[PDB]
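In the form deposited in one PDB entry, a lone chain appears below as structure tokens.
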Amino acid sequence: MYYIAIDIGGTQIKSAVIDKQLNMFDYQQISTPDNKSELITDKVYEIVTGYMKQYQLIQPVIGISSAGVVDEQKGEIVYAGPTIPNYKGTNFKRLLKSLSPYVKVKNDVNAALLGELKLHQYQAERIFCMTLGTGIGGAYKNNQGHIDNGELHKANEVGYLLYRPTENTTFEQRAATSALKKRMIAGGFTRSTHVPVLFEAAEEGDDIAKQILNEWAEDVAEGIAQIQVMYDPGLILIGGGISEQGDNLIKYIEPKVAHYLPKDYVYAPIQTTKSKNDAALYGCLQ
């Protein structure tokens, strides 16, 4: 059986066909429209009809992963930031009703975690994933196997942790990847915008790069400590583009989590996600 997977992001819409054996075919990736003159829902419908034509599918199972706050049972966007305008109220089940009655919708961090966990073997039972990007997302897979999305579909909006009144910043406004980029630029990293150059510069011993990274990692670690004492997970995953840095990201963050926890507190191992691109495409089918 062939499955259609679509992952709707702020900047990109990824899609692919997956078979019963999890082989991935016809991976496609386009720019997310402005959702004003050209509609996200039109792109989604074009992708589904495209694959249905190409694979001669009738009533395909379709999985949709999307940014924003998602009501999974309704298959509807409950809320979206102004990043994606006019997005609230978008109902993918209604949109594709003429093509298939088998449409599943998930928010993007939940789908990514479901995919990460389907494709990998982990020792821990309870796994929290924090995704660093424009903002910070969170998802938790619990002792009994499930991801709870909250009473109002707002579980684990961890970017909103640790509001500092004097500075008027949230966790994600200090600790997202976008915040690290702003801190680099203000620190004189002006020729390359790219976050990996900061890590390479630090690896070579450049003190200013190390100081920017450690100060930011300190703010990241503060957020992780809050998640630690609530969830007591067996493993904490860090995802998002910056997670391609692997242990070079972890070594800055992991030792500093201790700074916000009681003396000798044993906290969970911290690692980067392993599947970097496809995770939500697999997860949105689960």
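What we label the rigid core is the largest C-alpha set whose atoms superpose within 1.5 Å from one form to the other. All residue numbers refer to positions in the sequence shown, first residue = 1.
**Student:** Using the B-factors recorded in the PDB entry, average over the C-alpha atoms of 140 to 148 and of 160 to 168, then report which stretch comes out higher.
**Tutor:** Per the PDB record, 140 to 148.
**Student:** For the higher mean C-alpha B factor in the entry, choose 117 to 125 or 82 to 90.
**Tutor:** Looking at the record's C-alpha B-factors, the answer is 82 to 90.
**Student:** Checking the record values for 174, 181, 191, 154, which has the greatest CA B factor?
**Tutor:** Answer for 174, 181, 191, 154: 191, with the highest C-alpha B-factor.
**Student:** Of the three thirds of its chain by CA temperature factor, lowest, middle or highest, which one includes residue 197?
**Tutor:** Highest third - that is where residue 197 ends up once the chain's C-alpha B-factors are sorted.
**Student:** Where does residue 99 sit by CA temperature factor within its chain: lowest, middle or highest third?
**Tutor:** Within its chain, residue 99 is a highest-third residue by C-alpha B-factor, going by the deposited values.
**Student:** Would you mind ranking residue 18 by its C-alpha B-factor against the rest of the chain and naming the third, lowest, middle or highest?
**Tutor:** It falls in the top third of the chain.
**Student:** Quick check for you: using the entry's CA B-factors within this chain, is residue 71 in the lowest, middle or highest third?
**Tutor:** Answer is lowest: the recorded C-alpha B-factor places it there.
**Student:** Which third of the chain holds residue 281 when residues are ordered by C-alpha B factor: lowest, middle or highest?
**Tutor:** Answer is middle: the recorded C-alpha B-factor places it there.
Just so it is clear, the following notes concern the form deposited in another entry, a form of the same protein that is not shown.
**Student:** Return yes or no for residue 130: a CA shift of at least 2 Å between the shown form and the other one, with the rigid core superposed?
**Tutor:** False for residue 130: its C-alpha shift is below 2 Å.
**Student:** Would you say residue 226 moves between the shown form and the other one, meaning its CA shifts by 2 Å or more once the core is fitted?
**Tutor:** Stays below the 2 Å threshold, so no.
**Student:** Using a rigid core alignment, state whether the CA of residue 34 is displaced by 2 Å or more between the shown form and the other one.
**Tutor:** After core superposition, the displacement of the residue 34 C-alpha between the shown form and the other one reaches the 2 Å mark, so yes.
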